[PDB]
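1. when you get a sec, could you give me coordinates for this:
(chains A, B, C and D, ligands or ions: 4)
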4 protein chains.
Amino acid sequence: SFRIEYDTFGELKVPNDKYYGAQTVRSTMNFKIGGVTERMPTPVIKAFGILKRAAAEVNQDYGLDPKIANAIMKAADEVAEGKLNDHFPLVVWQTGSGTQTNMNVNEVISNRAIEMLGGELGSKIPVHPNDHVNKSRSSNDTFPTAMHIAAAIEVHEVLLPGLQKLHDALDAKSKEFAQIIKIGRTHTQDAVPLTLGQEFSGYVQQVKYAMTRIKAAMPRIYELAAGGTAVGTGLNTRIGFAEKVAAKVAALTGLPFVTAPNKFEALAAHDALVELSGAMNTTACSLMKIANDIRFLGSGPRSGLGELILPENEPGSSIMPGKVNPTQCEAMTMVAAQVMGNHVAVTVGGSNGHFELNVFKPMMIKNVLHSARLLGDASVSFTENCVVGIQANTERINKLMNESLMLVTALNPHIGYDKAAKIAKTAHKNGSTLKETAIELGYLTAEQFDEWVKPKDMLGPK
Amino acid sequence: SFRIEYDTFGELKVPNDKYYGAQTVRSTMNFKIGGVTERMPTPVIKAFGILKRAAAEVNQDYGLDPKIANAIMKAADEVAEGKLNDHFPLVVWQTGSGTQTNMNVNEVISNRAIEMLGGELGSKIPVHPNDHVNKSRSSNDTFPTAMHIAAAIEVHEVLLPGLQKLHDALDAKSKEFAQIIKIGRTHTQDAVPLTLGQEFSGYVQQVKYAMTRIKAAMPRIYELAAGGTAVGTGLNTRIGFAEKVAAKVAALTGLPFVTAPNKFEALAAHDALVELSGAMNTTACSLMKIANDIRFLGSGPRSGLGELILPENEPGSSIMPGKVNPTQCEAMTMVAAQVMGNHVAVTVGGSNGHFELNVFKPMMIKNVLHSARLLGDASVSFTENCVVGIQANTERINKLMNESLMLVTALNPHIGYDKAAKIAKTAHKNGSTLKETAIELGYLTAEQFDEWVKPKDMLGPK
Amino acid sequence: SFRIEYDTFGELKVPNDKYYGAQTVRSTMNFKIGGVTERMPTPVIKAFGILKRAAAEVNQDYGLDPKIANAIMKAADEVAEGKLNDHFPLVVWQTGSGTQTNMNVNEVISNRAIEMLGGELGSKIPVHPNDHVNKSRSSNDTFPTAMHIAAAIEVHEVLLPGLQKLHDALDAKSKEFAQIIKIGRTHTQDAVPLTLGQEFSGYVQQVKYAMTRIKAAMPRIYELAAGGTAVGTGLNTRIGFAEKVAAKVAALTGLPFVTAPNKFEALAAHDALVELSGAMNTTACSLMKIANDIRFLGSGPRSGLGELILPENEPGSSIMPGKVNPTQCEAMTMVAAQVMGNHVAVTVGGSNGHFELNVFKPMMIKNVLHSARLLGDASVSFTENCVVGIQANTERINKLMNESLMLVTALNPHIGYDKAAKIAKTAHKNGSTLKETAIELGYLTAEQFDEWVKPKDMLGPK
Amino acid sequence: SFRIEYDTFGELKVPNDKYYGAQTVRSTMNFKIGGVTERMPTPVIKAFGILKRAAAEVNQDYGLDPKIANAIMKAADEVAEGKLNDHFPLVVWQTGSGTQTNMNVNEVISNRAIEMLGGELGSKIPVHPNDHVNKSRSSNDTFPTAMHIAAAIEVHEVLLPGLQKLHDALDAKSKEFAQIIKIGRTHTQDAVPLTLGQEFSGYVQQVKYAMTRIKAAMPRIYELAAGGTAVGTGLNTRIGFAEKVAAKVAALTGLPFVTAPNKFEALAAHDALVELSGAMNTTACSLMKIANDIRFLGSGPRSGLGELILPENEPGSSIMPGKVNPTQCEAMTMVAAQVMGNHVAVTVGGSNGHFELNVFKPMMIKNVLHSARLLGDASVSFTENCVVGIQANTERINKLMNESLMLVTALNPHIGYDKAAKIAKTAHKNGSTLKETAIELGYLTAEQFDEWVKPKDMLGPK
Ligand SMILES: [Cl-]
Ligand SMILES: [Cl-]
Ligand SMILES: [Cl-]
Ligand SMILES: [Cl-]
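-> Residues are numbered from 1 along each chain as shown, chains lettered A, B, ... in the order given. Ligands and ions are numbered 1, 2, ... in the order given. Below you will find the coordinate block:
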């Protein structure tokens, strides 16, 4: 069931059905921290597949045999496509440079490429893990490169598409609710009116600004450390490799990847991950506000606010109609709280670089990818399972509109401030409506009230 | 105008009316960071006066002249009593050990004692700042000692008394509201009933647990670093000074101060400050919930929840007689958010100690004292200007109780689940009450409804 | 391959080899957030098994048929023992009350118990998911109970045992290094000496205080919400159930679980999780200091500090001897940064409770369990793979001791301050040792220097 | 002594020498939270003076009397110029909308303009606080406008100029150190060489990227809420006032202020403040790395790293001539930790908006301005008192270069990997240099070593 390999610490049995080698096995034994929920995120593994596929191509310009290079390229493609996920057992909580995952990727790609060429698994023949798969002689620049490839792909494929669906759904609701006038709330107190569409337009602007903030953090993420090698000097790599491998990654992904103008800044720190995490942290604040507002606007049905009727996803009780738990709102606000904590973890790691190398890399990219996946997935779920199905309780909204004390300022240019203040003061102490009190005081007639108190005329400046 | 003093780097103009000296003026010149709001917190200055008073009394056992020592004690008492606050212009953003503030205290106490002994300001005669006020030869242990004295005093005098007032006022409201039954809210949806007194009893328990958590963080605060000198070995200090000066501080303050059992842990880290900030962070989560709940329970008056009538302390618009903004709730929740941020700042500083000395001390104690003062002051303000004056809107609470669909399960044993659920669904569809629907359906009488649906019987287990 | 079940939203195919039902399947479709790394943590599932096993026993006092109860108890045991982990596919990012995992547990236990009694899977006969497995009529108190059971078990079984191993290993190193005098470092500058054992004794005290801080947060974790039902009143549960099920959980686990004195505080907030997260946050600051110190103390071999020789776990290069990357230090400091971020996520969720129910429960317990597992696992790995094998570079330590300028204060009670200051001032500008300069200046002889400059006499007060 | 003013709750004694009125005195009485260090930041007060000056000029287009308007403009100019700071005693911990500070500004400007028009203080004649100074009928939009004006001005005048000085000084050191080759450090272990100029060029890039990130956060800061009035509809304000007052603020400040495109997003949330705090949080991670690196590179002089000689600005002990504590590094890293905590506080406030108004405004702008002032001031102080005066210890750097084992790979093409690794292992075992070992082994001459091992040839790709 196993083959037998050796490192400088002793004998190791590697399962025959695994493409990793003795380096990966030893790493798994030395870092038993967290369990399988702590394995290196799949986007990082796939990004390594893209990077090795790109380097193998470029390395043909530097002596790499085309028959070996093509075998590496096909094996790297299988990694980048998620076909070999079960051959990467390492946890995030490894070395701070992530080079143990780099050696995991080198072992898997060479062994798979060896098998494609009919060789013996574990022999390093004819595809060597270091001499061929890592022909670039890259070391501490590999994992930084895979971090930015994975972050850029996850932002383009998961985060922004999810937020775009949320933006469009909120915008459709805003237009659908454009003519429903409701009582505003400031300090949670009754305030002058606005429409549900105006309130939802604020949500739309927040999501629009969130997508702009995330895009503004991407230019630095597109800068790749590949070519810096050990300390950023580029020692042991070939001239032109840094630019060529970045341009190849750009062509493989369709994203505007470039080489980092300063490789020492690219290895010694990961401020671009901190800035991207900061944009997602701002997005979390926007989504917390939006989801909590809709949570409260749908509260009820009779002892809450009751403005919105949210779609029911979980089965209720036949004895409890009208009760709809805002469960998509709860999942979204929990995600937002998680992103804020993830950002602090990213911040602590990003601040603790030492000299030529920041060695908090796996934890930083884990929290960045975690935040991006959660925000993208929750935005999709929030959209499809709640936002698109939100209905307005227009009957309740219009009833509370006529019973509110907030429309009384519409009578000031008819009966003066103090007569209007006395109608509101009396109606408050009496539990009566504004119209009922304005007539019982003999200040105006009903036909005058309906002519002067028009809420559609209180939605903008004059 | 000025007197002229000298350090070995040149000459310095010291204002004639100031008790600080050349080293303080040199320190102000090199750390122009933040402005006057960033000056060292007054509790730290006062704590230094306590410490120097204690050291001078103890140092008589090791040869300090009694007339010099008694002048130092009187001058240090003036520092501890807050009479010399304008003689400490240094900001928090100084050296990470805080020894520049230690020298500020040495110069002020020496010059003030010189003045009380008829000498000339700045002469170091007959009271020398280092040889007499700092005769203990302490250095890197002075500021840690002053931190823990200041934190313990602020907890004992401000934080815990403020929370005690809040606890007692909430308990009084709980008893006052013990018979007011209202509709519960889970997920912000209508739920089975409970009393306002039961709900408030939850807040009472949170404040009770908050005080227990803060008290649990104090034993390590009471451990003083005084006696560790430069690196924790106690080099250049006298055997027994550490225990004696701690006992003198205990007798002066009435708080159970003892010497730190391990001086290296006391200088290299300030985990006790992190744990105390953590307890205040937990307290902030409690106060955020309590204050936010009261904010929303008082929302309205007509489109909010409207269960509570909060006191109106600042005048509002006469045109708006029903609006009472919960401004005390807003100050409390803003304070809670500030404590959470302050805790992260304490955490980053606490994590970044280097070898024998953590040099983040001034920023750590600044945030700890900030959180304690804000939490204590806000609790007092929230208590006096909101909690004690809260009234229940029993008229609205009773009306919404009768209109709620949540009481329908009381009919289950009398008419069966199927008929009860039919009453609930028809009442929800028609916008009618359970009683109206149950009789229009011929399922029971009005007399059977009044006898079977008793909310006072739905407040506990059977 | 499937059976066919129905909910109120349509037909659902449930795999025959799964014990969950249509409720779990529908929940999996409505909350596609995060992937399989986001599944509910295993300690929560096992804790549900303990809770249901305990309730099934107690419910025999309330009519539950002993033949059904015993079937439930054996099925719950299989859950609590980790035999049915593959039947829980729900993610953390579900409803904020965690009741969808509660229904997942109810479906699995009843279906497995049905199979133990030879029934048809998915029939609810003779073991009903609600009528029998959830006979307590518990709702919003189930997940809070499982949270505290899981947290208490993880602290007792993983966190504290891991820290205890670290404490003992650091203590052994402290005693082993008790006689190795080295130059201290304050502000990273050369300071007066101390021993490696004294420096390591500070680490020991930090870990000891960390275990005390975690234990101090446990009394409130031991309080269980079981019995509060929907809003904390205990409506629909039987008198005495809350106390009995807590005492049964205590007997099943061997831990001092009790019922919560105030069930409204137990449902509306999770301040005990915030306080436990705060204790782990303080522990993270201690471990960050300890691991970073050892990281830097082992730096070198020739351009660093070079005081410690750390064990080599990853294979190096045969051309690069003496290079040992402190990879266990990096994994530990990354874990510490992750705990600090997790604490903020816990803090945000714990602060956002609404009225009768905090609906951030799954996210809060996920981050608490994550922090406890990481700290416990990393402490074990740090201990076994680094601390126990640390060696001291006594040759380098003694060489820098004799070349340091820091021992010059030992000559002040022989030649006075100013003669000693001139030896240090000259030796600094000359690149010479203190003894070489003291003789070249003719201030003392060699035999006098060795008699007066004794570093073993500079390790404590006099 | 005092004058007597009146609100509708009673009478208030206003000090004779103060320009504030009854509403300010009422506000101070009800919010005794924090003390004088907690007063509203001066940049917010000054920004209010700018805003009121702008509104008064624009309001002439809507009928405001020119002589009244010109008196308001002159009084508002005195507020903006910092001449009336002692007339604003309100703390940050007030109402969450900040309207109490808005009224403070209205009363001060009205009373000062009354004084300039010969009237009596407190008379509201001829300049009324609400009818004239607040003629725009703005309310909940005033403080948000003042926040963004204050943040934009502090970024333009303090933060960015401070970072610009730091960038330029670091760039100058990078050029000055361009030929000094030293041993690199990855994982704090000795690594392949690089120049001090290359290492410093990494810091230069981080500061350059920090300024780009902060500038990227400004477009949404430049959007002003002025014109949204109570809920964002703009009710009670004039059409065109929003655009005109923003254009007037732009002309007065020279900054590209525009009106917010969506006033509901502008009042209900302050995500722009969260994004700007995020950029400052990223900057803090950069400065923490830069300052901590320089701290450790200057450590020593004899048991540290010793590569840099930092300037000595405060006198030290003459007995300790080689000790120079990096106090500017400590103030910078303490500031960086404070910014990270401030960011969490901003985040919690930004996430907790309710419906039409976020009522965490004063605490959010307090932390934003605190971070900007500290970062700007510290960057200037760190630049002038440390960076510009840094010297390289080239003697020590060159000695450690020759003693390092990291240059051995330069022998690989000339003698082979196996002999080169033997030289490295023997030099490491003997405590000797590569050159000494290579010749005692008969592997090469001293002349071959000098010609083959050229560190200037190991600073880039081949
Ligand atoms: Cl590569
Ligand atoms: Cl002292
Ligand atoms: Cl149960
Ligand atoms: Cl205005």
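2. could you use CA atoms for every contact and neighbour count after this?
-> Will do.
3. is it correct that residue A:183 falls within a helix?
-> No. Residue A:183 is assigned strand when assessed by DSSP: H, G, I helix; E, B strand; the rest coil, not a helix.
4. just list whatever residues bridge to it.
-> residue A:193 (DSSP bridges).
5. number of nearby residues for it?
-> Burial of residue A:183 is recorded as 25 neighbouring residues (other Cα atoms under 10 Å in any protein chain shown).
6. ok, now residue A:250?
-> If we define neighbours as other Cα under 10 Å, then residue A:250 has 17 of them.
7. now it: phi and psi?
-> With angles defined as degrees, to the nearest 10, residue A:250 sits at phi -60, psi -40.
8. in contact with it, which residues?
-> Residue A:250 sits next to A:256-258 when contact means Cα atoms under 8 Å, 6 or more residues apart in numbering or on different chains.
9. and the gap between it and residue A:257?
-> In this view, residue A:250 and residue A:257 are 5 Å apart by Cα to Cα, to the nearest Å.
10. near chain B, which residues of chain A?
-> Proximity of chain A to chain B (Cα under 8 Å from any Cα of the partner chain) is limited to residues A:183, A:187-190, A:295-296, A:299-305, A:318-326, A:348, A:400, A:403-406, A:408-409, A:417-418, A:420-422, A:424-425, A:428.
11. what subset of those is buried?
-> Among these, those classed as buried by 16 or more other Cα atoms under 10 Å in any protein chain shown are A:183, A:187-190, A:295-296, A:299-305, A:319-326, A:348, A:400, A:403-406, A:408-409, A:417, A:420-422, A:424-425, A:428.
12. residues contacting stretch A:27-44, please?
-> Taking Cα under 8 Å, 6+ apart as the rule, stretch A:27-44 contacts A:82, A:85, A:88-94, A:100, A:146-147, A:150-151, A:154, A:362, A:366, A:369, C:36-38, C:313-314, C:370, C:373-374, C:377-378, C:381, C:385.
13. just the ones of those residues in helices?
-> Of the positions in the contacts of stretch A:27-44, A:100, A:146-147, A:150-151, A:154, A:362, A:366, A:369, C:370, C:373-374, C:377-378, C:381, C:385 sit in helices, assigned by DSSP state H.
14. for the spatially most central residue of chain A, which residues are in contact?
-> Chain A has residue A:372 as the residue nearest its centroid, 2.3 Å off, counting by Cα atoms, centre = their mean. Residues in contact with residue A:372 (Cα under 8 Å, 6+ apart) are A:154-155, A:158-159, A:280.
15. recalculate using a threshold of 7 Å.
-> Residues near residue A:372 by Cα atoms under 7 Å, 6 or more residues apart in numbering or on different chains: A:154-155, A:159.
16. separation between residue A:26 and residue C:49?
-> Taking Cα to Cα, one finds residue A:26 at 35 Å from residue C:49.
17. also residue A:149?
-> 42 Å.
18. residue A:153 too?
-> Applying Cα to Cα to residue A:153 and residue C:49 gives a distance of 40 Å.
19. so which of the ones in helices among the contacts of stretch A:27-44 is the most crowded?
-> Going by other Cα under 10 Å, residue C:378 tops the ones in helices among the contacts of stretch A:27-44 with 30 neighbours.
20. report whether the biggest helix by length in chain A contacts chain D.
-> Ranked by residue count, the top helix of chain A under DSSP H comes out as helix A:271-297. Yes. Looking at helix A:271-297 against chain D by Cα under 7 Å from any Cα of the partner chain, the contacts come from A:271, A:274-275, A:278-279, A:282, A:285-286, A:288-289, A:293.
21. columns neighbour count on top of those residues, output as CSV?
-> As requested, the residues of helix A:271-297 next to chain D are exported to CSV (neighbours: other Cα atoms under 10 Å in any protein chain shown):
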residue, neighbour count
A:271, 27
A:274, 31
A:275, 32
A:278, 33
A:279, 25
A:282, 32
A:285, 29
A:286, 27
A:288, 23
A:289, 25
A:293, 20
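22. sort out for me which of the buried ones among the residues of chain A next to chain B are in helices.
-> Short answer: those in helices (DSSP H) are A:295-296, A:348, A:400, A:403, A:417, A:420-422, A:424-425, A:428.
23. about what we covered before: I'd like the next helix or strand past the longest helix of chain A.
-> Sequence-wise, the next helix or strand downstream of helix A:271-297 (DSSP states H and E) is strand A:308-309.
24. what strands line up against that next one, and which way round?
-> Under the rule (DSSP bridges), strand A:308-309 has strand A:391-392 (antiparallel) as partners.
25. ok, residues contacting the strand it pairs with?
-> Contacts to strand A:391-392, defined as Cα under 7 Å, 6+ apart, come from residues A:307-310.
26. and with 8 Å instead?
-> Strand A:391-392 is touched from outside by A:177, A:307-310, with contacts defined as Cα under 8 Å, 6+ apart.
27. closest to chain D among those residues?
-> Nearest to chain D, judged by Cα to the nearest Cα, of those is residue A:307 at 12.2 Å.
28. surely the closest one and residue A:398 touch.
-> No. Taking Cα atoms under 8 Å as the definition, residue A:307 is not a contact partner of residue A:398, at 9.9 Å.
29. of those two, who's got more company?
-> residue A:307 (24 against 16).
30. show me what contacts the more buried one?
-> Counting by Cα under 8 Å, 6+ apart, residue A:307 makes contact with A:297-299, A:392-394, A:396-397.
31. tell me the domain ranges of chain A?
-> Domain assignment for chain A, taken from curated CATH domains, gives A:3-138, A:139-406, A:407-458.
32. okay, those, which one's buried deepest?
-> Among these, domain A:139-406 has the highest mean neighbour count (mean count of other Cα atoms under 10 Å in any protein chain shown), at a mean of 23.
33. how long is that domain end to end?
-> 67 Å.
34. before we move on, what about stretch A:406-416?
-> Terminal residues of stretch A:406-416 are spaced 16 Å apart (Cα to Cα).
35. same deal with stretch A:19-36?
-> Note: stretch A:19-36 ends 19 Å apart using Cα to Cα.
36. so which elements touch whichever helix or strand residue A:209 is part of?
-> Residue A:209 belongs to helix A:196-216 when assigned by DSSP H and E. Contact here means 3 or more Cα pairs under 8 Å, 6 or more residues apart in numbering or on different chains; DSSP states H and E; on that basis helix A:196-216 packs against helix A:160-176, helix A:271-297, helix D:263-268.
37. for residue B:245, which of those helices is the nearest?
-> For residue B:245, the closest of the helices and strands packed on helix A:196-216 is helix A:271-297, at 46.3 Å, according to Cα to Cα.
38. hmm, that closest one touching chain C?
-> No. Helix A:271-297 lies out of reach of chain C by Cα under 8 Å from any Cα, never closer than 10.0 Å.
39. now that helix, how far from the centre of its chain.
-> Distance of helix A:271-297 from the chain centroid (Cα atoms, centre = their mean, to the nearest Å) equals 9 Å.
40. compute the inter-axis angle for it and helix A:196-216.
-> Orientation check (axes from the mean of the first three to the mean of the last three Cα atoms, to 10 degrees): helix A:271-297 against helix A:196-216 gives 170 degrees.
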